[PDB]
Amino acid sequence: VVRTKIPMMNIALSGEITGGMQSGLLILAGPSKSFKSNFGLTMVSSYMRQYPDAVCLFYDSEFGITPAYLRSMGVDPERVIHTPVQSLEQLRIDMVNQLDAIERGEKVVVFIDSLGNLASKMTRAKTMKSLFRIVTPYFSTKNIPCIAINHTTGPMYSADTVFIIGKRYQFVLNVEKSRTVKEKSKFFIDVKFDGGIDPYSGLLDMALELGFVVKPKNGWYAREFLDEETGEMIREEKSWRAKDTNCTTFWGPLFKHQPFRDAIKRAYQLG
Amino acid sequence: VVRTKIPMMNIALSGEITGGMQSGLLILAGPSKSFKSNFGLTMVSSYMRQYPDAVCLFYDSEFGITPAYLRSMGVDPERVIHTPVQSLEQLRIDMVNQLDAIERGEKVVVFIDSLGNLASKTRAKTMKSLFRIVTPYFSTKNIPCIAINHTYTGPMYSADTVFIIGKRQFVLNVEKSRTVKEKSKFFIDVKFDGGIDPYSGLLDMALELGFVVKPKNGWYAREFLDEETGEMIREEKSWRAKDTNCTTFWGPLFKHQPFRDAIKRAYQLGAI
């Protein structure tokens, strides 16, 4: 299990609060300036923190991510193998050579920033499709994740997972394709004006849908917990404003409440 | 006024919880990979947020801070005038030229990434002149300048404000300042996720000032001053450290004038 710091991301990835990223190709797609490559980097960073052992193969065609940017996202640049790329053909040739030099068990995350601005060498959609069909088996055989950014039967159905990200500050992530999560699930991702990626994103809304948080007064919020013995939802005594909920004293008891975790899996996780 | 989201850094800058950056040359110094430029970007970002008006004059000798990096720190790259520099001479030239072109009232923040890798064309003497050359513009035109200087009569005494940043989590030493006592130490944390913690140091400082105590080990309680009895009154509940990084914890303290005052007294130069 490789989970991130954002419980809403873990859900989008695995269907559960306690889940995380899988091996395979994940495409993060959407208009540019929606924080896609930051979400990508959060994932790379989590992988590299879980495995001090790991390296990141970083195929770069944008040149916006530098050592300083990586450090601020908590990625060690010393463990990043940087390959600038100017075409899909070159992307394919270099990925295949490196994926082939890797053994099952080695920790390696692939991050591609970005697919949509690479020339084949018109025939772009075709070449992109066959790049995916060529690299995806390696991801699965060698058991590694690959996160690809793509600024907006199609090529992206050769991927294992597709997130489409849009503007609702506030982002909506739409699960277009997944092995683990119901297609078309919508998750809310907040990015603060300081460019800060809220780890409490979407929790309060979701808990409100799932019943585990209610609203005694307008703009006030209360938790409700299922008592196994009496089959009733028991409110807490206390009432919170929305801003006081972004804290572990608020979320911690719910995250620990199995019914909350189960209501999330049942709402989102596949088969 | 221009405060930031990290109170500890509003205290380092101005000696109080409610203050922030002022006009002048601020140097951020210390070993590279200490989060100086993030720390610097945080201020550039608050300045530009408070003044949707403002432009950033970005003097760049490192090329580590790209448009994307800027956006992720909340600076709009469209409002950034980017100037590559390869020497102090060249940097002096462009700064004087662009500083000169500005009328008072125009909002401008200067960010220099960085100073220590620039050849002159006696490096330290060339540096001191540049400062003595540029700093009158900052005061006249009322603009802040944040300059990064990596460590691998000194010129730094020609700055208005010097922060030395090192690893303790980092410690910020105020080496020179108009507003806070010299040698003040502040704790800045950066979490595993590259997260610039806005609760940096507040716990240590409150423990120092006596507004937080430890009932048992690993537990923390707030104390408030009953200003009529002069007594320090504990709150009912205790909290582990991790429960404290929340507005529900710090908020009633930030509202409590005795806590605000204890902070000025420990950090703000008395004569303000």
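So the protein lines, in turn, are chains A and B.
If you count by the deposited numbering, then the first sequence holds residues 31 to 151, 166 to 196, 212 to 227, 238 to 340, one letter each, in order.
If you count by the deposited numbering, then the second sequence holds residues 31 to 151, 167 to 197, 212 to 227, 239 to 342, one letter each, in order.
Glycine is no exception: its CB is placed at the ideal position from the N, C-alpha and C atoms.
- Which residues, in order along the segment 104 to 120 of chain A, keep a beta-carbon less than 9 Å from a beta-carbon of chain B? Listed by position along the chain: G104, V105.
- Message: Please list the terminal residues of the continuous alpha helix (DSSP H) segment that includes A:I41.
- Response: Here the question's residue 41 of chain A lines up with position 11 in the first sequence. It spans 37 to 44 - the alpha helix (DSSP H) in which A:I41 sits, taken as one unbroken run.
- Query: At least one CB of chain B closer than 9 Å to the CB of A:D263: is that the case?
  - Reply: Numbered from 1 along the first sequence, position 194 holds the residue referred to as residue 263 of chain A. True, the Cβ-Cβ gap to chain B drops below 9 Å.
- Closer than 9 Å, Cβ to any Cβ of chain A: which residues of the segment 311 to 325 of chain B, in chain order? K312, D313, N315, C316, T317, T318, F319, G321
- Does the beta-carbon of B:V31 have 16 or more other beta-carbons within 10 angstroms, so that it is buried, or is it exposed? For the purposes of this step, residue 31 of chain B is taken as residue 1 along the second sequence, with counting starting at 1. Looking at its Cβ environment, which holds fewer than 16 other Cβ atoms inside 10 Å, B:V31 is exposed.
- Task: Specify the secondary structure class of B:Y197 as computed by DSSP and reduced to three states.
- Result: As a working note, residue 197 of chain B is residue 152 in the second sequence. Assignment of B:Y197 by DSSP, reduced to helix, strand and coil, places it in the coil class.
- Query: Of all the CB atoms in chain B, is at least one closer than 9 Å to the CB of A:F65?
  - Reply: For this step, residue 65 of chain A is matched to residue 35 along the first sequence. Chain B, which has a Cβ nearer than 9 Å to the Cβ of A:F65, makes this yes.
- Message: Among the candidates A:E297, A:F183, A:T96, A:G280, whose CA atom is the shortest distance from the CA of A:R134?
- Response: Translated into positions along the first sequence, residue 134 of chain A becomes position 104. Residue A:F183 is the option with its Cα nearest to A:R134.
- Message: Rounded to whole angstroms, what is the Cα-Cα separation between A:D90 and A:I123?
- Response: The residue you call residue 90 of chain A lines up with position 60 of the first sequence. The residue you call residue 123 of chain A lines up with position 93 of the first sequence. So the two alpha carbons sit approximately 14 Å from each other.
- Where do the N-terminal and C-terminal ends of the beta strand (DSSP E) with B:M302 fall, by residue? The residue you call residue 302 of chain B lines up with position 232 of the second sequence. Where B:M302 is concerned, the enclosing beta strand (DSSP E) stretches over 301 to 304.
- Rounded to the nearest angstrom, how far is the Cβ of A:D259 from that of A:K137, given a contact under 8 Å? Counted from its first residue, the first sequence places residue 259 of chain A at position 190. Counted from its first residue, the first sequence places residue 137 of chain A at position 107. The pair is not a contact, with the Cβ atoms about 30 Å apart (cut-off 8 Å).
- Using the beta-carbon count (16 or more within 10 Å), is A:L118 buried or exposed? The residue labelled residue 118 of chain A in the question sits at position 88 within the first sequence. Here A:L118 is buried, its C-beta having at least 16 other C-beta atoms within 10 Å.
- Which runs of the beta strand (DSSP E), 3 residues or longer, sit entirely within the segment 49 to 121 of chain B? 54 to 61, 85 to 90, 110 to 114
- Message: Give me the subset of the segment 89 to 100 of chain B whose CB atoms are less than 8 Å from a CB atom of chain A, sorted by chain position.
- Response: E92, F93, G94, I95, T96, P97, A98, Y99
- Query: Should B:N194 and B:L145 be called a contact, given that it needs their Cβ atoms to be closer than 9 Å?
  - Reply: As a first step, residue 194 of chain B is located in the second sequence; it is residue number 149 there, counting from the start. As a first step, residue 145 of chain B is located in the second sequence; it is residue number 115 there, counting from the start. Pairing B:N194 with B:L145 gives a Cβ-Cβ distance under 9 Å.
- Cβ of B:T249 within 9 Å of any chain A Cβ: Locating residue 249 of chain B in the second sequence gives position 179, where the first residue counts as 1. With 9 Å as the cut-off, B:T249 does not count as an interface residue toward chain A.
- Please report how far the alpha carbon of A:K226 lies from the alpha carbon of A:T299, in whole angstroms. Taking the first sequence and counting its residues from 1, one reaches residue 226 of chain A at position 167. Taking the first sequence and counting its residues from 1, one reaches residue 299 of chain A at position 230. The alpha-carbon separation between A:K226 and A:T299 amounts to approximately 43 Å.
- For B:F93, count neighbouring Cβ atoms within 10 angstroms of its own Cβ and tell me buried if that reaches 16, exposed if not. The sequence position of residue 93 of chain B within the second sequence is 63, counting from 1. By the neighbour-count criterion, in which a residue is buried when 16 or more other Cβ atoms sit within 10 angstroms of its Cβ, B:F93 is exposed.
- Message: When you compare the CB positions of A:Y99 and B:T96, do they come within less than 9 Å of one another, or not?
- Response: As a working note, residue 99 of chain A is residue 69 in the first sequence. As a working note, residue 96 of chain B is residue 66 in the second sequence. Result yes, Cβ atoms of A:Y99 and B:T96 sit closer than 9 Å.
- Message: So, at 6 Å on beta carbons, what are the nonlocal neighbours of B:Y269 in its own chain, with the 5 sequence-adjacent residues on each side left out?
- Response: Mapped onto the second sequence, residue 269 of chain B falls at position 199. Contacts found: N315.
- Please work out which residues of its chain come closer than 6 Å, Cβ to Cβ, to A:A59, disregarding the five sequence neighbours upstream and downstream, and give them in chain order. In the first sequence, residue 59 of chain A corresponds to position 29, counting from 1. Taking A:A59 as the centre and dropping the five residues before and after it, the same chain places the C-beta of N194, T196, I223 closer than 6 Å to its C-beta, in chain order.
- Test: B:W289 CB closer than 9 Å to a CB of chain A: Numbered from 1 along the second sequence, position 219 holds the residue referred to as residue 289 of chain B. No, B:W289 lies away from the interface with chain A (no Cβ there is under 9 Å from its Cβ).
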